[PDB]
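A.B. asks: Following this: a sequence and the matching experimental structure.
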Amino acid sequence: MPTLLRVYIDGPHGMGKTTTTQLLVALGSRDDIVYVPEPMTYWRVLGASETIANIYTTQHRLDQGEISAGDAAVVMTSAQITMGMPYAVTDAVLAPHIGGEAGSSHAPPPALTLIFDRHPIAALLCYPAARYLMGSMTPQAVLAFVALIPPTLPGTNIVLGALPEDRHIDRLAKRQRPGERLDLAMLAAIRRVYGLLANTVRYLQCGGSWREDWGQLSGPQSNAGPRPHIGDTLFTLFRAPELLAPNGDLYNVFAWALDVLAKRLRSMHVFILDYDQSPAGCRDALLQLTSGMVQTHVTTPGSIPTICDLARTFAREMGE
Amino acid sequence: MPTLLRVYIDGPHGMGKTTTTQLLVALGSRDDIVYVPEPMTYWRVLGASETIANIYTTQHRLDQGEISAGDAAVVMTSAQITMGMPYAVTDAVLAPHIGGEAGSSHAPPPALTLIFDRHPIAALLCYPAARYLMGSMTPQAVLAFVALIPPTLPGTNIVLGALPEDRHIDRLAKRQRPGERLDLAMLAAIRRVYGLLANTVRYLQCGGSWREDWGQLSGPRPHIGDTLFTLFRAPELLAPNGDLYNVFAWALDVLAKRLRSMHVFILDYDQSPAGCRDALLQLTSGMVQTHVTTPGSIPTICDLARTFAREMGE
Ligand SMILES: Cc1c(C[C@H](CO)CF)n(C)c(=O)[nH]c1=O
Ligand SMILES: Cc1c(C[C@H](CO)CF)n(C)c(=O)[nH]c1=O
């Protein structure tokens, strides 16, 4: 069975994620690598009307006190369902085609390389959590999303981004999505979330156990480094009043959500790309990065062409 | 490895009695059976404040014309998340323990029997689909939920209820839930959804292919018009040329994959509580059992179930 390399390019928007990807795809042959692009069209029309505009407009009004927290929460939750839709369904139809791991460290080239614009967890965790830090969503809702995160397939290579705050602020200020607004508070939140995420993965892969270190709560990089403090991982966010019982402990329903969160991340292959350079540099940087990325076997000989058709149909329809 | 039997008591709400339910609480009394009840406490306090009320009030306000279909959709979509949270979490933590089939039936009794009050497709598929037929949810949000439906593990036995509409109206009016309003339209919609649902599983199990039979919605197994697929011949999901968008067509593929491997059993609710308990006990001799993955799986499950019942149960 021919091998396959799936690479999800995630992280906070506005760092040059797309450009880095497009350039990388432009290097390979026409049909030895395929890009599953950002589904702007689904966010803008197919799924709903201008979802990005709706999201930022809501956060704005909430900040001005024109609407309540409850009002902003119901809108955000719904919008994040629409945002994650293309991500979630692509995975669902992709799963059966994914087999066991093959490996990168000394292993032949993949018959096909799949490059994704973001991973499901982006719309089901990272951004939902960032909105919680903005009082625009509830911890209960976010955890509800976490429990919906699909099982992590073998060889799930996720690439996050690194970029100085100022460089990121300037870069973001220039290029923004249709319907977006310039929110620095949101940028901080989303940046902090992806920082935690990275730590949470390393923490988990170092034998970390949130249940064992939970008491250490009261008052970044993956693939490398020592075991992080739990207060520096995603777990630290859910030390909220709404989730705590009289005895100060988490309700078991939310504790099980954290068990799912850990189960999902502990088997991912997270990498970090330094977006503080020229587009050409980034392309090459990501290129070296992909060398040591876990590949997997497919389940059928006719899986490869199927996935190519899948990726291209996706691009043709939901692509900008 | 020890065997397990999972039974999801589903179907439209309001068909049974409280006595019919307490018998099921008396079933879990023994340690070879556990009864995961409805997470009412999570719906009223934990997840949010009086969720069911917010659902029925929103619909009511939509009908009177105080809010827009867009305003309602947002809330209904949010409310359904809260509703299915306990179901999703339980599945996610339970899944890893579930092994493969164990020559179900014609084989030794289970080491444990797990009875749930509803399956995750109740809050993800059925009720969202009904609210769509109520004009309170968009067909995009529904298929969005469908995409998030957990993979159907082996031994997924689901019991749906049978009951004349007039009889259902009686029992429903006497056992109303906190914040609920008696809506006959919603009763018709939810009944239709579960009707189609049963037709869908048979359709798929008899070799039905929605992409193949899709043309009939515009021009031995049920007709595609009698299955859940018929609802999604909706204008919001179609391109200018009437073609179903691929992203939605993929969501239907997922639906077809989820529903096919399930095992459906119908419980005649038109009788006494004792009669219902017996019938349910009868159906178990045809339900699919499975093995568990670890030795300590059994106690972990039992522990899980009773922690649920004690925390979110009434
Ligand atoms: C994914 C995602 C985003 C980022 C997305 C980048 O392609 C659109 F800019 N954003 C801004 C958001 O507000 N919610 C989301 O779920
Ligand atoms: C599951 C479910 C229901 C039915 C449920 C019965 O146990 C609570 F009454 N209802 C009324 C609802 O409005 N949304 C739902 O997701």
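C.D. replies: Yes, it's here. Residues are numbered from 1 along each chain as shown, chains lettered A, B, ... in the order given. Ligands and ions are numbered 1, 2, ... in the order given.
A.B. asks: so what's the closest residue to chain B within the stretch 201-320 of chain A up against?
C.D. replies: Distance from chain B to each residue of the stretch 201-320 of chain A (C-beta to the nearest C-beta) is smallest for residue A:260, at 4.5 Å. Bear in mind the C-beta positions are built from the backbone N, C-alpha and C, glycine included. Residues in contact with residue A:260, defined by C-beta atoms under 8 Å, 6 or more residues apart in numbering or on different chains, are A:146-147, A:149, B:89, B:92-93.
A.B. asks: gap between the residue of the stretch 1-150 of chain A found nearest ligand 2 and chain B?
C.D. replies: Ligand 2 sits closest to residue A:144 of the stretch 1-150 of chain A, with a gap of 12.7 Å, by C-beta to the nearest ligand atom. For residue A:144, the distance to chain B equals 4 Å [C-beta to the nearest C-beta, to the nearest Å].
A.B. asks: Can you find which helix in chain A contains the most residues?
C.D. replies: helix A:69-94 (DSSP state H).
A.B. asks: After that one, which helix or strand is next?
C.D. replies: Using DSSP states H and E, the helix or strand that follows helix A:69-94 in sequence is strand A:98-101.
A.B. asks: so does that next one get close to chain B?
C.D. replies: No: Strand A:98-101 stays clear of chain B (C-beta under 8 Å from any C-beta of the partner chain), getting no nearer than 12.6 Å.
A.B. asks: What's the first helix or strand after that strand?
C.D. replies: Heading C-terminal from strand A:98-101 (DSSP H and E), you reach strand A:112-117.
A.B. asks: Next, the angle from that following strand to helix A:69-94.
C.D. replies: Here the directions of strand A:112-117 and helix A:69-94 differ by 170 degrees (axes from the mean of the first three to the mean of the last three C-alpha atoms, to 10 degrees).
A.B. asks: Surely residue A:101 touches residue A:295?
C.D. replies: Yes: counting by C-beta atoms under 8 Å, residue A:101 touches residue A:295, with 7.2 Å between them.
A.B. asks: So those two - more neighbours on which side?
C.D. replies: More crowded of residue A:101 and residue A:295, by other C-beta atoms under 10 Å in any protein chain shown: residue A:295, with 23 against 15.
A.B. asks: which residues does the more buried one contact?
C.D. replies: By C-beta under 8 Å, 6+ apart, the neighbours of residue A:295 are A:3-5, A:101-104, A:107, A:110, A:155.
A.B. asks: hang on, the earlier thing: any residue of the longest helix of chain A up close to chain B?
C.D. replies: Yes: counting by C-beta under 8 Å from any C-beta, chain B has neighbours in helix A:69-94: A:73-75, A:77-78, A:81-82, A:84-86, A:88-90, A:92-93.
A.B. asks: interface residues of the stretch 1-150 of chain A facing ligand 2?
C.D. replies: The stretch 1-150 of chain A comes close to ligand 2 at no residue, as judged by C-beta under 6 Å from any ligand atom.
A.B. asks: Ligand 1 contacts on chain A?
C.D. replies: Counting by C-beta under 6 Å from any ligand atom, the residues of chain A near ligand 1 are A:13, A:38, A:52, A:55, A:80, A:83, A:122-123, A:127, A:177.
A.B. asks: who wins for neighbours among these?
C.D. replies: residue A:127 (28 neighbours).
A.B. asks: Distance of it relative to chain B?
C.D. replies: 15 Å.
A.B. asks: Any buried residues in whichever helix or strand that residue is part of, and which?
C.D. replies: Assigned by DSSP H and E, residue A:127 belongs to helix A:127-132. Of all the residues in helix A:127-132, those buried under the rule 16 or more other C-beta atoms under 10 Å in any protein chain shown are A:127-132.
A.B. asks: How about stretch A:7-26?
C.D. replies: A:7-18, A:20-21, A:23-24.
A.B. asks: Take those and keep only those in helices.
C.D. replies: Counting by DSSP H, those contribute A:17-18, A:20-21, A:23-24 to helices.
A.B. asks: tell me the angle of the strand or helix carrying residue A:256 relative to helix B:69-94?
C.D. replies: If you go by DSSP H and E, residue A:256 is part of helix A:252-265. Put simply, helix A:252-265 runs at 80 degrees to helix B:69-94, going by the same axes, to 10 degrees.
A.B. asks: Each with direction, which strands does the helix or strand just after helix A:252-265 pair with?
C.D. replies: Next helix or strand after helix A:252-265 toward the C-terminus (DSSP H and E): strand A:269-274. Using DSSP bridges, the strands paired with strand A:269-274 in its sheet are strand A:157-162 (parallel).
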